K.L.:
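One structure coming up, written as structure tokens, with questions to follow.
Every number for a ligand or one of its atoms is a count from 1 in the order of the listing. Residue numbers start at 1 and run along the sequence shown.
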Amino acid sequence: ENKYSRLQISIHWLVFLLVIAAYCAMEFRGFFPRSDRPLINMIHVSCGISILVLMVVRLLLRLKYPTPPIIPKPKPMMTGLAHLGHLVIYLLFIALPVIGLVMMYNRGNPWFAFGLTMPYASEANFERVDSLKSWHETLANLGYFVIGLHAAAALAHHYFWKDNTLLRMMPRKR
Ligand code: HEM
Ligand code: HEM
Ligand SMILES: CCCCCCC(CCCCCC)(CO[C@H]1O[C@@H](CO)[C@H](O)[C@@H](O)[C@@H]1O)CO[C@H]1O[C@@H](CO)[C@H](O)[C@@H](O)[C@@H]1O
Ligand SMILES: [Mg+2]
């Protein structure tokens, strides 16, 4: 009816938590000794892979289900634009972890996700890694900005315009 489905709400906020954890693992890496870095890297990649899976799943749900309407109703072009913004989020947060994965693959070393050993190239590819590393960094930085705009828009809706944009994405009926 008037909310996203409970599964979509769960996934939205789960991904938020996982993204926070992914960023935090990288941002605070140097606060841990060298000896803990493998674990920090594992947390990072494991969150990243979880996020990728959930980004794909949420997108398939987005196709399957209607978008709940906003009350009052935006102009059709405003909805189009918000929906375009969403497409940009879907793309960014799929491309970011994919680049991560391809980076780890092309490094040609054993690596671990969810306590499990993952595939890697039998020979390393250094031109590719350098480029992938640069892209991962840029997209991760673009991610901050995009989440910030995204959250800010939600807050402008909820507090300034006083519409139900954010309530539709919140778990409780309020
Ligand atoms: C939404 C998902 C993810 C986010 C937000 C994210 C974010 C970041 C950030 C902020 C950094 C530090 C970049 C910098 O130096 O400023 C980073 C580094 C890294 N990420 Fe991710 N990441 C994600 C997914 C992944 C995945 C899935 C993998 C691997 C499977 C991965 C592997 C790495 C690696 C190896 C580095 C270290 C680069 C280096 O030290 O040479 N990331 N990530
Ligand atoms: C405090 C943080 C956040 C707030 C307040 C927020 C708010 C919202 C709101 C209000 C919507 C519904 C928008 C609409 O229907 O027009 C929504 C949907 C969405 N949000 Fe967020 N959000 C946050 C964090 C995130 C993060 C971290 C991501 C992705 C990494 C994200 C990705 C999305 C996507 C892709 C949608 C479209 C529906 C879906 O697939 O779940 N959000 N968000
Ligand atoms: C919001 C992110 C906060 C990051 C905190 C990182 C954490 C504590 C982790 C435990 C957190 C408790 C809830 C790692 O510190 C320890 O963490 C242990 C983890 O078991 C490691 O085994 C141990 O070797 C490491 O030193 C604190 O370390 C930093 O603390 C600073 C003073 O605030 C120090 O000036 C800084 O220089 C140090 O580096
Ligand atoms: Mg649909």
K.L.:
Would you mind reporting whether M169 and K3 have side-chain heavy atoms less than 4.5 Å apart?
P.N.:
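No - every pair of side-chain heavy atoms lies 4.5 Å or more apart.
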K.L.:
How about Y144 and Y23: are their ring centroids closer than 6.0 Å?
P.N.:
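Yes, they do, as the ring centres are separated by less than 6.0 Å.
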K.L.:
Assess, by modelled atom type and distance only, whether the side chains of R168 and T67 contain a donor and an acceptor separated by less than 3.5 Å.
P.N.:
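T67 and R168 do not have a side-chain donor-acceptor pair below 3.5 Å.
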K.L.:
What residue and heavy atom of the protein are closest to atom 25 (C) of ligand 3, and at what distance?
P.N.:
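Result: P33 CD, 3.6 Å.
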K.L.:
Classify the side-chain pair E137/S134 by whether it contains a donor and acceptor separated by less than 3.5 Å.
P.N.:
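No - no donor-acceptor pair under 3.5 Å links their side chains.
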K.L.:
Taking all heavy atoms of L92 and all of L139, pick out the closest pair and write down the distance.
P.N.:
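Minimum heavy-atom separation between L92 and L139: CD1-O, 3.7 Å.
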K.L.:
Is it the case that more than 12 heavy atoms not belonging to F160 sit under 6.0 Å from its CZ atom?
P.N.:
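No, not enclosed.
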K.L.:
Kindly determine whether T165 and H158 satisfy side chain to side chain contact (heavy atoms under 4.5 Å, CB included), including the steps that lead there.
P.N.:
CA-CA 6 Å; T165 302; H158 186 75; over 6 Å; no
K.L.:
What protein heavy atom is closest to atom 4 (C) of ligand 3, reported as residue, atom name and distance in Å?
P.N.:
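Heavy-atom neighbour on the protein nearest atom 4 (C) of ligand 3: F28 CD2, 4.0 Å.
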K.L.:
At a 4.0 Å threshold, what atoms of ligand 2 neighbour a non-hydrogen atom of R168?
P.N.:
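Near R168, meaning under 4.0 Å from one of its heavy atoms, ligand 2 has 12 (C), 14 (C), 15 (O).
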K.L.:
Side-chain donor-acceptor pair under 3.5 Å between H44 and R29, yes or no?
P.N.:
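The answer is no; no qualifying pair exists.
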K.L.:
Does the protein put any heavy atom within less than 4.0 Å of atom 30 (O) of ligand 3?
P.N.:
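For atom 30 (O) of ligand 3 the answer is no, since every protein heavy atom stays at 4.0 Å or beyond.
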K.L.:
Any protein heavy atom lying closer than 4.0 Å to atom 13 (C) of ligand 3?
P.N.:
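So atom 13 (C) of ligand 3 lacks protein heavy-atom neighbours under 4.0 Å.
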K.L.:
Pairing donors with acceptors under 3.5 angstrom, does anything connect the side chains of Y90 and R58?
P.N.:
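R58 and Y90 do not have a side-chain donor-acceptor pair below 3.5 Å.
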K.L.:
Looking at atom 15 (O) of ligand 3, what's its closest protein heavy atom, distance included?
P.N.:
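Atom 15 (O) of ligand 3 sits closest to the protein heavy atom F31 O, 3.8 Å.
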K.L.:
Counting only heavy atoms not in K73, do more than 12 sit closer than 6.0 Å to its NZ atom?
P.N.:
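Correct, the count exceeds 12.
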K.L.:
For ligand 2, which atoms sit closer than 4.0 Å to a heavy atom of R62?
P.N.:
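What qualifies from ligand 2 is 37 (C), 38 (C).
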K.L.:
Can you pull out the closest protein heavy atom to atom 38 (C) of ligand 2? Residue, atom name and distance to 0.1 Å, please.
P.N.:
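Result for atom 38 (C) of ligand 2: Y90 OH, 3.4 Å.
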K.L.:
Just need the protein heavy atom nearest to atom 4 (C) of ligand 2, so name the residue and atom and give the distance.
P.N.:
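Going by distance alone, atom 4 (C) of ligand 2 is nearest to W13 CH2, 3.6 Å.
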K.L.:
Distance to 0.1 Å, residue and atom name: give those for the protein heavy atom nearest to atom 1 (C) of ligand 2.
P.N.:
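Here the closest protein heavy atom is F16 CE1, 3.9 Å.
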K.L.:
Any idea which atoms of ligand 2 are less than 4.0 Å away from a heavy-atom of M169?
P.N.:
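Answer, ordered by atom number: 17 (C), 18 (C), 38 (C), 41 (O).
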K.L.:
Rounded at 0.5 Å granularity, tell me how far CG in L52 sits from CG in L96.
P.N.:
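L52 CG to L96 CG: 10.0 Å, rounded to 0.5 Å.
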K.L.:
Restricting to N/O/S atoms, is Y65 within less than 2.8 Å of the Mg ion (ligand 4) or not?
P.N.:
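Within the cut-off used here (under 2.8 Å), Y65 does place an N, O or S atom near the Mg ion (ligand 4).
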K.L.:
What angle sits at atom 21 (Fe) of ligand 2 between NE2 of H12 and NE2 of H150, to 10°?
P.N.:
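With atom 21 (Fe) of ligand 2 as the vertex, NE2 (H150) and NE2 (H12) sit 180° apart.
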K.L.:
Please lay out, stage by stage, how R107 and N125 fare under the test side-chain hydrogen bond (donor to acceptor under 3.5 Å, both in side chains).
P.N.:
CA-CA 6 Å; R107 276 181 186 184; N125 183 338; over 6 Å; no
K.L.:
Going by the angle between their ring planes, with limits at 30° and 60°, are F16 and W13 parallel, tilted or perpendicular?
P.N.:
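Rings of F16 and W13: perpendicular, over 60°.
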K.L.:
Protein non-hydrogen atoms only, distance under 4.0 Å: does atom 20 (O) of ligand 3 have such a neighbour?
P.N.:
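No, because not a single protein heavy atom sits under 4.0 Å from atom 20 (O) of ligand 3.
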K.L.:
What is the closest protein heavy atom to atom 22 (O) of ligand 3, and at what distance does it sit?
P.N.:
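Checked against all protein heavy atoms, atom 22 (O) of ligand 3 sits closest to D36 OD2, 3.1 Å.
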K.L.:
Strictly inside 4.0 angstrom of atom 38 (C) of ligand 3, do you find any protein heavy atom?
P.N.:
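So atom 38 (C) of ligand 3 has protein heavy-atom neighbours under 4.0 Å.
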K.L.:
Provide, to 0.1 Å, the distance between atom 15 (O) of ligand 2 and the closest protein heavy atom, together with that atom's residue and name.
P.N.:
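The protein heavy atom lying closest is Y4 OH, 2.6 Å.
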K.L.:
Does the protein place a non-hydrogen atom closer than 4.0 angstrom to atom 28 (C) of ligand 2?
P.N.:
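No; the ligand atom in question lacks any protein heavy-atom contact below 4.0 Å.
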K.L.:
Among all protein heavy atoms, pick out the one at the shortest distance from atom 16 (O) of ligand 2; state its residue, atom name and that distance to 0.1 Å.
P.N.:
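Of the protein heavy atoms, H86 CE1, 3.5 Å lies nearest.
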K.L.:
Could you tell me if the side chain of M26 sits less than 4.5 Å from the side chain of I40, heavy atoms only?
P.N.:
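Yes, at least one pair of side-chain atoms sits under 4.5 Å.
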K.L.:
Protein non-hydrogen atoms only, distance under 4.0 Å: does atom 10 (C) of ligand 3 have such a neighbour?
P.N.:
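Flag for atom 10 (C) of ligand 3 set to false, no protein heavy atom closer than 4.0 Å.
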K.L.:
For ligand 2, which is the ligand I care about here, please tell me if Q8 has any N or O atom under 3.5 Å from one of the ligand's N or O atoms.
P.N.:
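Between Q8 and ligand 2 (N or O atoms, distance only) the closest approach is not under 3.5 Å.
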K.L.:
Give me the nearest non-hydrogen protein atom to atom 41 (O) of ligand 2 as residue plus atom name, then the distance to 0.1 Å.
P.N.:
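Answer for atom 41 (O) of ligand 2: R58 NH2, 2.9 Å.
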K.L.:
Taking non-hydrogen atoms only, is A82 closer than 4.0 angstrom to ligand 2 via side chain, backbone, both or neither?
P.N.:
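No part of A82 comes within reach of ligand 2.
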K.L.:
Return yes when at least one protein heavy atom is under 4.0 Å from atom 33 (O) of ligand 3, and no when none is.
P.N.:
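No, because not a single protein heavy atom sits under 4.0 Å from atom 33 (O) of ligand 3.
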K.L.:
For the CE atom of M118 and the CZ atom of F112, what is their distance to the nearest 0.5 Å?
P.N.:
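Reported to 0.5 Å precision, the distance equals 11.0 Å.
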K.L.:
Evaluate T165 for polar contact with ligand 2, using N/O atom pairs at a separation under 3.5 Å.
P.N.:
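Looking only at distances, the answer is no, because the N/O contact criterion of under 3.5 Å is not met.
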K.L.:
List the atom of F114, the atom of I49, and the distance in Å for their closest heavy-atom pair.
P.N.:
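Smallest interatomic distance, heavy atoms only, reads CE1-CG2, 3.8 Å.
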K.L.:
With respect to the Mg ion (ligand 4), please indicate if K64 possesses an N, O or S atom at a distance under 2.8 Å.
P.N.:
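Coordinating: no.
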K.L.:
Is ligand 2 under 4.0 Å from a heavy atom in the side chain of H158, in the backbone, in both, or in neither?
P.N.:
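The answer is neither; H158 stays 4.0 Å or more away.
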